[PDB]
Every structure is written in C-alpha cells, then in structure tokens.
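A short worksheet on the structure shown next.
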Amino acid sequence: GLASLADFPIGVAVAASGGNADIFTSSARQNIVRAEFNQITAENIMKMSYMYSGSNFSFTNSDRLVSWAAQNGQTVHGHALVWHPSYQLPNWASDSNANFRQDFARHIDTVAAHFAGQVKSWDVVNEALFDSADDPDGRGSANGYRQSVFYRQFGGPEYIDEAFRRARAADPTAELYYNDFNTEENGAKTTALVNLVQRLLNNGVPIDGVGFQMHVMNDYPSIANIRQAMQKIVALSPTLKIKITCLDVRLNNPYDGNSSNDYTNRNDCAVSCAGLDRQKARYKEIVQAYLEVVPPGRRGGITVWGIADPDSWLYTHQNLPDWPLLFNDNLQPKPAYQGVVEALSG
Ligand SMILES: O[C@@H]1[C@@H](O)[C@H](O[C@@H]2CO[C@@H](O[C@@H]3CO[C@@H](O[C@@H]4CO[C@@H](O[C@@H]5CO[C@@H](O)[C@H](O)[C@H]5O)[C@H](O)[C@H]4O)[C@H](O)[C@H]3O)[C@H](O)[C@H]2O)OC[C@H]1O
Ligand SMILES: [Ca+2]
C-alpha cells in the first residue's frame, strides 16, 4: 500500500465515536488502514475534554484506540494537547478558574506522561494563530495570535512555550509539533507562523516540527504559494521537521464568486467528473511539493484526514456536497489515490 512507498509515516484520521466510520466497528475500514497506512491520528477522541470524566482523568477510550493501533502496525500521532474550541474544553479551562495555570500544567504533565512510550508525536498546540475566518473568541488579532482562554489566562503567547517545555519533560521521546491551518496560503498567517516559530527557537523552546493541516481546494491556494510557505519554515532551522497533518481536497470552492462551477448534486462526482481528475493532479502536485521542499530526514509524514468520503467532515460544507478523500462511498480507491502513488514513486 501507500505506506510501503515512503520512508516517513503515511497516516489517516480515524473515527471512534459510533456511526458508520467507527474504526472498531467497520472491518472494511480496518482492512484499509492495515493495508495502506502505518500511522493513525484520532479524529476526535484525543481532544482535551475526552481525557476527563467530570474532573478526573479518564483514558479508557483513548487507550483502547492506542492499543488497537499498536496491534495493527500503526504508530500514533496525538491530536491535540492544547486547542481552543469550547466544545472540547475541559471544565477547568475557564476565565473564572483562579487555578487555571495549575490545571493547565496538570493537563499536559498527566496526558503526555500517560501516553509516554505509546505515541510517536503530538500536536502540542493547535491553531494558536489568529485567523480572520474563524475567530469565535471575537477579540481580534493580538499581534497575530488568537485570543483564546489560554492566551487570556497567561496574558500572552507564553502558554505555548510552557506547553512545549511541559510535554518534552513528561515524554522525552515524542516528536513535538505546532500545528495550524491556512499557513500554506503564503499570506498574513504564514508570516505570523514564521514569527511564532522564530520566537520559540529564540527562547530555546523544545519544538521539533511544524504541521501544516492542508485543508485545501482543487484550485486554491496555488502550489506555488504552498511551496513557498513550506520553504520559509524549512529555512528557519537545519533540523525542524515538516508534517502534513490533515490533508483533504475539496472539489467545490464556494468563495470564488462563481457559482457556475459548483457541483450541487451528490451524483455529480459519484463515479466520474472533471473535478475527480483534477483532484488526482492536486493530490499529486502537493505530495511532490512536499518531497521537493522538505529534505529527507526532516519529513514528519503526510496524513490524510479520513478514510472514505462519507466519513469526511467536508462530505458536506457550505451546504454543498463534496468528495474530499482517497476512497469513495463504496470504499474503492479514487483517482486521488493514484495521484498519491505516482507522486510517492515516479
Ligand atoms: O480538529 C480539526 C480542526 O483542526 C479543523 O479545523 C477547521 C480547519 O478549517 C477551518 O476552515 C477554513 C477557513 O478558511 C478557509 O479558507 C479561506 C477560503 O477562501 C479563501 O479566499 C478565496 C479562495 O478562493 C479564491 O477563489 C478566492 O480568490 C480567494 O479570495 C480565503 O483566503 C481562505 O482563508 C479554509 O478553506 C477552511 O478550511 C475551520 O474553521 C476549522 O474549524 O476542523 C476539523 C477538526 O477535525
Ligand atoms: Ca464556485
């Protein structure tokens, strides 16, 4: 499979919350994972609040998943130690909690140590950079940073240095990553990413790599921009690893101001359509760019955000249908799969 063509991790995100995509329930899914990948990231059950039952830590479900990975030839990328969305915020993560810094420290110390020798790498901090298109806190940019509880409670971006230092100490073997989305656009956010990373280096913070989520569209951003944005980070240090963490490719772009080029029916690209062919080229050009811009030895891996199209968080987005992954509705490989195979080979 895919994993056999590369010398760095080729992973996929797995559902584990009941439903058709549940990894423990779908043997067809388990067979794809076993045949094509060598690493898995929990799509949801490893987020912050899932580590607790009320105010006590509860690792039962995540342990079941980590254990399944190990028995099925997969390493595990942890997503994520720190992240802002209220739906997954532990109950202590509040502006009213006077013990915030202590509870924050306990969180990192405990879960990083708990999984110490079973998790290969971690999204230590995820989505700390401000983003004009996703500011639920409503506070605006604080010098490029998103003003989440963590930023507020610590009075600045130092919560980031702390998370990394904390994680490194609890698990000296895990690769520590900063992860985020839109930083491949090569725009404002890319610039902020560069400053954030530079700051961390200057401070001697133990960061091992930078993850690019890569939630792109068939035609945006251009690979020329994706290339550069990756280049800029690669250039900041001689050892920093680059990891594509949540790759997926939408055939529909609802921000282009052209509604005439949108597939609005589930049947449009169920079998064959121009977008599916462009998606083969799109996946290909991206992996190629990764291979050419990131030096061997600095390759953290490429992870696709899901197994089959219907499992995708983008199966439907902006009220439009989409077919974002490598495997279709029937668990058959799509042209996107071939694009990956060709890029990884020759
Ligand atoms: O744990 C996981 C979470 O990490 C994950 O988080 C979501 C990640 O994606 C976020 O949404 C993104 C919002 O920004 C969009 O980009 C816009 C798109 O439009 C661009 O501008 C136009 C593009 O088209 C051209 O034609 C036109 O010329 C351009 O002007 C604009 O510049 C971009 O910034 C991304 O497409 C979205 O992915 C989302 O908010 C996060 O929640 O969610 C899953 C979870 O598992
Ligand atoms: Ca459109």
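To be explicit about the labels: the chains of the structure tokens are called A, B, and onward in the order shown, and within each one the residues are counted from 1, while ligands get numbers from 1 in the order they are shown.
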To check your reading of the model: which residues sit at most 6 Å from ligand 1 when counting only C-alpha atoms and all ligand atoms? Write the answer as a list in words.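 So, counting only C-alpha atoms and all ligand atoms, the residues near ligand 1 are residues 43, 133, 134, 181, 215, 220, 255 and 256 of chain A.
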Could the residues in this selection be saved with N, CA, C and O atoms as a PDB file, in the first residue's frame?
ATOM      1  N   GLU A  43      -9.337  11.284  15.005  1.00  0.00           N
ATOM      2  CA  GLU A  43     -10.051  12.449  14.504  1.00  0.00           C
ATOM      3  C   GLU A  43     -10.664  13.279  15.657  1.00  0.00           C
ATOM      4  O   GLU A  43     -10.603  14.494  15.644  1.00  0.00           O
ATOM      5  N   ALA A 133     -11.116  34.259   9.444  1.00  0.00           N
ATOM      6  CA  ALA A 133     -12.240  33.385   9.106  1.00  0.00           C
ATOM      7  C   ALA A 133     -12.648  32.400  10.168  1.00  0.00           C
ATOM      8  O   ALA A 133     -13.340  31.439   9.860  1.00  0.00           O
ATOM      9  N   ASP A 134     -12.198  32.589  11.396  1.00  0.00           N
ATOM     10  CA  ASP A 134     -12.535  31.636  12.438  1.00  0.00           C
ATOM     11  C   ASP A 134     -12.113  32.269  13.745  1.00  0.00           C
ATOM     12  O   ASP A 134     -11.093  31.890  14.308  1.00  0.00           O
ATOM     13  N   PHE A 181      -3.872  25.702  10.517  1.00  0.00           N
ATOM     14  CA  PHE A 181      -4.425  25.683   9.159  1.00  0.00           C
ATOM     15  C   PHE A 181      -4.293  27.041   8.464  1.00  0.00           C
ATOM     16  O   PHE A 181      -4.200  28.087   9.132  1.00  0.00           O
ATOM     17  N   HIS A 215      -5.929  21.904   4.567  1.00  0.00           N
ATOM     18  CA  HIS A 215      -7.336  21.707   4.158  1.00  0.00           C
ATOM     19  C   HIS A 215      -7.526  22.567   2.924  1.00  0.00           C
ATOM     20  O   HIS A 215      -7.974  23.703   3.023  1.00  0.00           O
ATOM     21  N   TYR A 220      -7.174  26.093  -5.084  1.00  0.00           N
ATOM     22  CA  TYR A 220      -6.688  27.165  -4.204  1.00  0.00           C
ATOM     23  C   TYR A 220      -6.208  26.613  -2.881  1.00  0.00           C
ATOM     24  O   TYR A 220      -6.913  25.827  -2.257  1.00  0.00           O
ATOM     25  N   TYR A 255     -16.046  30.224  -2.381  1.00  0.00           N
ATOM     26  CA  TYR A 255     -15.560  31.593  -2.157  1.00  0.00           C
ATOM     27  C   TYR A 255     -15.027  32.258  -3.444  1.00  0.00           C
ATOM     28  O   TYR A 255     -14.616  33.415  -3.423  1.00  0.00           O
ATOM     29  N   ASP A 256     -15.036  31.517  -4.550  1.00  0.00           N
ATOM     30  CA  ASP A 256     -14.562  32.035  -5.806  1.00  0.00           C
ATOM     31  C   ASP A 256     -15.483  33.071  -6.483  1.00  0.00           C
ATOM     32  O   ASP A 256     -15.083  33.720  -7.439  1.00  0.00           O
TER      33      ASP A 256
END
If you run DSSP on the backbone, which residues of range 113-279 of chain A are helix (DSSP H, G or I), as a tab-separated table (two decimals) with N, CA and C atoms, in the first residue's frame?
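Output file part.tsv is given in full below:
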chain	number	residue	atom	x	y	z
A	113	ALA	N	2.61	12.18	29.89
A	113	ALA	CA	3.26	11.13	30.64
A	113	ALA	C	2.44	9.86	30.48
A	114	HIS	N	1.12	9.98	30.56
A	114	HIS	CA	0.29	8.78	30.47
A	114	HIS	C	0.60	7.97	29.22
A	149	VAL	N	-8.87	31.26	25.58
A	149	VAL	CA	-8.72	31.30	27.04
A	149	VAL	C	-7.27	31.22	27.42
A	150	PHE	N	-6.55	30.32	26.77
A	150	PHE	CA	-5.16	30.11	27.10
A	150	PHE	C	-4.35	31.37	26.96
A	151	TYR	N	-4.59	32.12	25.89
A	151	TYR	CA	-3.87	33.35	25.67
A	151	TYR	C	-4.26	34.33	26.76
A	152	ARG	N	-5.56	34.45	27.02
A	152	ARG	CA	-6.06	35.37	28.03
A	152	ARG	C	-5.55	35.14	29.44
A	153	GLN	N	-5.60	33.87	29.86
A	153	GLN	CA	-5.18	33.46	31.19
A	153	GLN	C	-3.70	33.65	31.43
A	154	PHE	N	-2.90	33.43	30.40
A	154	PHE	CA	-1.46	33.58	30.53
A	154	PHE	C	-1.00	35.00	30.22
A	158	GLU	N	2.93	33.05	26.01
A	158	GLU	CA	3.83	32.19	26.78
A	158	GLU	C	3.24	30.82	27.11
A	159	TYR	N	1.91	30.67	27.01
A	159	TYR	CA	1.32	29.37	27.28
A	159	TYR	C	1.87	28.35	26.29
A	160	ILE	N	2.27	28.83	25.10
A	160	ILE	CA	2.84	27.98	24.05
A	160	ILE	C	4.22	27.44	24.47
A	161	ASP	N	5.09	28.30	25.00
A	161	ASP	CA	6.43	27.88	25.45
A	161	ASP	C	6.26	26.86	26.56
A	162	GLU	N	5.34	27.16	27.47
A	162	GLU	CA	5.09	26.28	28.58
A	162	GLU	C	4.61	24.90	28.16
A	163	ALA	N	3.66	24.83	27.21
A	163	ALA	CA	3.13	23.55	26.75
A	163	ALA	C	4.25	22.68	26.20
A	164	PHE	N	5.12	23.27	25.39
A	164	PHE	CA	6.21	22.50	24.81
A	164	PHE	C	7.18	22.03	25.89
A	165	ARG	N	7.63	22.93	26.76
A	165	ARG	CA	8.58	22.54	27.81
A	165	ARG	C	8.02	21.38	28.64
A	166	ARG	N	6.75	21.51	29.01
A	166	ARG	CA	6.00	20.54	29.80
A	166	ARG	C	5.91	19.15	29.13
A	167	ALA	N	5.56	19.16	27.85
A	167	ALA	CA	5.44	17.95	27.04
A	167	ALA	C	6.80	17.24	26.91
A	168	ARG	N	7.86	18.00	26.61
A	168	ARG	CA	9.21	17.46	26.45
A	168	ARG	C	9.64	16.72	27.70
A	169	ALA	N	9.45	17.35	28.86
A	169	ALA	CA	9.82	16.74	30.14
A	169	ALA	C	9.04	15.48	30.43
A	170	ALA	N	7.72	15.51	30.24
A	170	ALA	CA	6.93	14.32	30.54
A	170	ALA	C	7.22	13.17	29.58
A	188	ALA	N	-0.73	36.45	5.24
A	188	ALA	CA	-0.55	37.02	6.58
A	188	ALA	C	-0.26	36.00	7.65
A	189	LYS	N	-1.06	34.93	7.63
A	189	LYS	CA	-0.94	33.88	8.61
A	189	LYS	C	0.39	33.16	8.50
A	190	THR	N	0.89	33.04	7.27
A	190	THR	CA	2.18	32.40	7.06
A	190	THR	C	3.22	33.26	7.74
A	191	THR	N	3.11	34.56	7.56
A	191	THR	CA	4.05	35.48	8.18
A	191	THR	C	4.02	35.29	9.72
A	192	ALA	N	2.81	35.30	10.31
A	192	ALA	CA	2.64	35.11	11.76
A	192	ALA	C	3.21	33.77	12.23
A	193	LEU	N	3.08	32.74	11.38
A	193	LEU	CA	3.60	31.42	11.71
A	193	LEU	C	5.11	31.55	11.83
A	194	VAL	N	5.72	32.24	10.87
A	194	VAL	CA	7.17	32.44	10.86
A	194	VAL	C	7.64	33.12	12.13
A	195	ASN	N	6.97	34.20	12.52
A	195	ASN	CA	7.32	34.89	13.76
A	195	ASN	C	7.17	34.03	15.00
A	196	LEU	N	6.06	33.28	15.06
A	196	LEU	CA	5.77	32.38	16.17
A	196	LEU	C	6.89	31.36	16.31
A	197	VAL	N	7.26	30.73	15.20
A	197	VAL	CA	8.30	29.72	15.23
A	197	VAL	C	9.65	30.29	15.62
A	198	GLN	N	9.97	31.46	15.07
A	198	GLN	CA	11.24	32.15	15.33
A	198	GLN	C	11.33	32.45	16.81
A	199	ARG	N	10.22	32.90	17.40
A	199	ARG	CA	10.17	33.24	18.82
A	199	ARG	C	10.47	32.04	19.67
A	200	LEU	N	9.84	30.93	19.33
A	200	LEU	CA	10.03	29.71	20.06
A	200	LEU	C	11.50	29.28	20.01
A	201	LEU	N	12.13	29.37	18.83
A	201	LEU	CA	13.54	29.00	18.67
A	201	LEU	C	14.44	29.88	19.52
A	202	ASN	N	14.18	31.18	19.44
A	202	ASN	CA	14.94	32.17	20.17
A	202	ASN	C	14.89	31.85	21.64
A	223	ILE	N	0.00	25.87	-5.96
A	223	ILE	CA	1.12	25.14	-5.33
A	223	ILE	C	2.30	26.04	-5.20
A	224	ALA	N	2.36	27.08	-6.02
A	224	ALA	CA	3.48	27.99	-5.94
A	224	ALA	C	3.54	28.62	-4.53
A	225	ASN	N	2.38	28.96	-3.98
A	225	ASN	CA	2.26	29.52	-2.62
A	225	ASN	C	2.48	28.46	-1.53
A	226	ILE	N	1.92	27.28	-1.74
A	226	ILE	CA	2.08	26.18	-0.80
A	226	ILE	C	3.60	25.89	-0.69
A	227	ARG	N	4.28	25.84	-1.84
A	227	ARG	CA	5.72	25.59	-1.92
A	227	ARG	C	6.48	26.58	-1.07
A	228	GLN	N	6.27	27.86	-1.37
A	228	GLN	CA	6.97	28.92	-0.64
A	228	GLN	C	6.75	28.89	0.84
A	229	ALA	N	5.48	28.83	1.27
A	229	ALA	CA	5.14	28.80	2.70
A	229	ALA	C	5.91	27.67	3.41
A	230	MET	N	6.04	26.52	2.74
A	230	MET	CA	6.78	25.42	3.32
A	230	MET	C	8.26	25.74	3.33
A	231	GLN	N	8.70	26.38	2.25
A	231	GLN	CA	10.09	26.77	2.14
A	231	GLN	C	10.49	27.67	3.28
A	232	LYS	N	9.73	28.73	3.51
A	232	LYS	CA	10.05	29.66	4.58
A	232	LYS	C	10.29	28.97	5.94
A	233	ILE	N	9.44	28.01	6.30
A	233	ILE	CA	9.61	27.34	7.57
A	233	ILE	C	10.87	26.46	7.52
A	234	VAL	N	11.03	25.70	6.43
A	234	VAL	CA	12.17	24.80	6.29
A	234	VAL	C	13.48	25.55	6.54
A	235	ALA	N	13.52	26.80	6.07
A	235	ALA	CA	14.67	27.68	6.17
A	235	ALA	C	15.02	28.20	7.56
A	274	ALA	N	-14.94	15.81	-14.01
A	274	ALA	CA	-13.72	16.59	-14.16
A	274	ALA	C	-13.02	16.88	-12.84
A	275	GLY	N	-13.80	17.23	-11.82
A	275	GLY	CA	-13.22	17.53	-10.53
A	275	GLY	C	-12.41	16.38	-9.96
A	276	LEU	N	-12.85	15.14	-10.20
A	276	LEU	CA	-12.15	13.95	-9.69
A	276	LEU	C	-10.81	13.75	-10.35
A	277	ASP	N	-10.72	14.16	-11.60
A	277	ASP	CA	-9.48	14.05	-12.32
A	277	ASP	C	-8.56	15.16	-11.80
A	278	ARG	N	-9.08	16.38	-11.65
A	278	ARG	CA	-8.25	17.47	-11.18
A	278	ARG	C	-7.73	17.15	-9.77
A	279	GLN	N	-8.56	16.46	-8.99
A	279	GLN	CA	-8.20	16.07	-7.63
A	279	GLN	C	-7.03	15.04	-7.66
Neighbourhood of ligand 2 at 8 Å, counting only C-alpha atoms and all ligand atoms, reported as a PDB file with C-alpha atoms, in the first residue's frame:
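Saved result, selection-v8.pdb, follows:
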ATOM      1  CA  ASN A 252     -16.083  22.785  -4.649  1.00  0.00           C
ATOM      2  CA  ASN A 253     -14.755  26.302  -3.932  1.00  0.00           C
ATOM      3  CA  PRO A 254     -17.669  28.420  -2.617  1.00  0.00           C
ATOM      4  CA  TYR A 255     -15.560  31.593  -2.157  1.00  0.00           C
ATOM      5  CA  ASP A 256     -14.562  32.035  -5.806  1.00  0.00           C
ATOM      6  CA  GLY A 257     -17.634  34.163  -6.602  1.00  0.00           C
ATOM      7  CA  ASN A 258     -18.528  31.799  -9.442  1.00  0.00           C
ATOM      8  CA  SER A 259     -21.469  29.576  -8.616  1.00  0.00           C
ATOM      9  CA  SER A 260     -21.492  28.144 -12.184  1.00  0.00           C
ATOM     10  CA  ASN A 261     -18.543  25.862 -11.481  1.00  0.00           C
ATOM     11  CA  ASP A 262     -20.014  24.171  -8.351  1.00  0.00           C
TER      12      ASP A 262
END
Rank nothing, just name the residue among A:79, A:58, A:206, A:250 nearest to residue 313 in chain A, using only C-alpha atoms.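 Counting only C-alpha atoms, the residue closest to residue 313 in chain A is A:250.
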Close residues, residue 48 in chain A itself excluded, 7 Å, only C-alpha atoms, min 4 positions apart in chain, as a PyMOL selection string: chain A and resi 81-82+88-90
Write out as a ChimeraX atom specification all residues of range 205-280 of chain A that backbone DSSP assigns to strand (DSSP E or B). /A:209-212,215-217,241-250
Can you pull out every residue within 9 Å of residue 3 in chain A, counting only C-alpha atoms, but drop anything in the same chain fewer than 5 positions away, and send it as a PyMOL selection string? chain A and resi 8-11+35-39
Using only C-alpha atoms, which residues sit within 9 Å of residue 92 in chain A once same-chain residues fewer than 6 positions away are excluded, as a VMD selection string? chain A and resid 55 99 to 100 103 to 104
Residues near range 19-28 of chain A, cut-off 9 Å, only C-alpha atoms, skip fewer than 3 positions along chain, as a VMD selection string: chain A and resid 14 to 16 31 to 33 65 68 307 to 308 310 to 311 331
Grab the residues selected above and save them as a short mmCIF file (atom, residue, chain, number, x, y, z; two decimals), in the first residue's frame with N, CA and C atoms.
data_model
loop_
_atom_site.label_atom_id
_atom_site.label_comp_id
_atom_site.auth_asym_id
_atom_site.auth_seq_id
_atom_site.Cartn_x
_atom_site.Cartn_y
_atom_site.Cartn_z
N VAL A 14 -8.87 8.55 12.26
CA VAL A 14 -9.90 7.55 12.50
C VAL A 14 -11.02 7.97 13.45
N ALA A 15 -12.23 7.60 13.05
CA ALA A 15 -13.38 7.92 13.84
C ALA A 15 -13.49 6.84 14.91
N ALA A 16 -14.01 7.16 16.07
CA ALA A 16 -14.16 6.15 17.08
C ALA A 16 -15.31 6.58 17.96
N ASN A 31 -9.36 -2.90 7.42
CA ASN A 31 -8.56 -3.52 6.36
C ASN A 31 -7.83 -2.47 5.50
N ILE A 32 -8.47 -1.32 5.30
CA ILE A 32 -7.82 -0.28 4.52
C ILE A 32 -6.65 0.28 5.32
N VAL A 33 -6.88 0.52 6.60
CA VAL A 33 -5.83 1.06 7.45
C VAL A 33 -4.62 0.11 7.49
N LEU A 65 -7.97 2.78 21.67
CA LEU A 65 -7.55 3.19 20.31
C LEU A 65 -6.04 3.05 20.14
N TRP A 68 -5.26 -0.55 19.92
CA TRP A 68 -5.64 -1.09 18.60
C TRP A 68 -4.57 -0.74 17.53
N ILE A 307 -10.81 8.19 6.13
CA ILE A 307 -10.71 7.05 5.21
C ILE A 307 -11.52 7.21 3.89
N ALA A 308 -12.85 7.21 4.00
CA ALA A 308 -13.73 7.34 2.83
C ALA A 308 -14.50 8.64 2.84
N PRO A 310 -17.66 9.67 2.68
CA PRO A 310 -18.74 9.92 3.61
C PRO A 310 -18.31 10.13 5.07
N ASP A 311 -17.08 9.74 5.41
CA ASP A 311 -16.61 9.93 6.77
C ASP A 311 -16.14 11.36 6.99
N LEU A 331 -15.87 2.56 -0.58
CA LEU A 331 -14.54 2.14 -0.13
C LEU A 331 -13.61 1.67 -1.23
#
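In this structure, CA of residue 242 in chain A sits 28.6 Å away from CA of residue 137 in chain A.
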May I ask which of the residues A:175, A:95, A:109, A:180 is the closest one to residue 127 in chain A, counting only C-alpha atoms? A:180
So how far away is CA of residue 117 in chain A from CA of residue 71 in chain A, in Å?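 Going from CA of residue 71 in chain A over to CA of residue 117 in chain A covers 14.7 Å.
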Work out how far CA of residue 61 in chain A is from CA of residue 47 in chain A, in Å to one decimal.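 CA of residue 47 in chain A sits 11.8 Å away from CA of residue 61 in chain A.
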Can you work out which one of A:295, A:54, A:140, A:78 has the shortest atom-to-atom distance to residue 13 in chain A, counting only C-alpha atoms?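 Of all the options, A:78 lies closest to residue 13 in chain A.
Taking only C-alpha atoms, the non-local environment of residue 76 in chain A within 8 Å (same-chain residues fewer than 5 positions away omitted) comprises residues 39, 40, 41, 66, 69, 118, 119, 120 and 121 of chain A.
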Just the selected residues (C-alpha atoms), exported as a PDB file, in the first residue's frame, please.
ATOM      1  CA  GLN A  39       0.087   5.751  11.386  1.00  0.00           C
ATOM      2  CA  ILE A  40      -3.260   6.995  12.673  1.00  0.00           C
ATOM      3  CA  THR A  41      -4.463  10.238  14.312  1.00  0.00           C
ATOM      4  CA  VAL A  66      -3.804   3.445  21.063  1.00  0.00           C
ATOM      5  CA  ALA A  69      -3.080   0.938  16.605  1.00  0.00           C
ATOM      6  CA  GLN A 118       2.913   4.733  23.039  1.00  0.00           C
ATOM      7  CA  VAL A 119       2.537   7.974  20.974  1.00  0.00           C
ATOM      8  CA  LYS A 120       5.140   8.835  18.330  1.00  0.00           C
ATOM      9  CA  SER A 121       4.396  12.592  18.091  1.00  0.00           C
TER      10      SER A 121
END
Nearest-residue call for residue 62 in chain A, choices A:177, A:212, A:83, A:115, using only C-alpha atoms: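 Using only C-alpha atoms, residue 62 in chain A sits closest to A:115.
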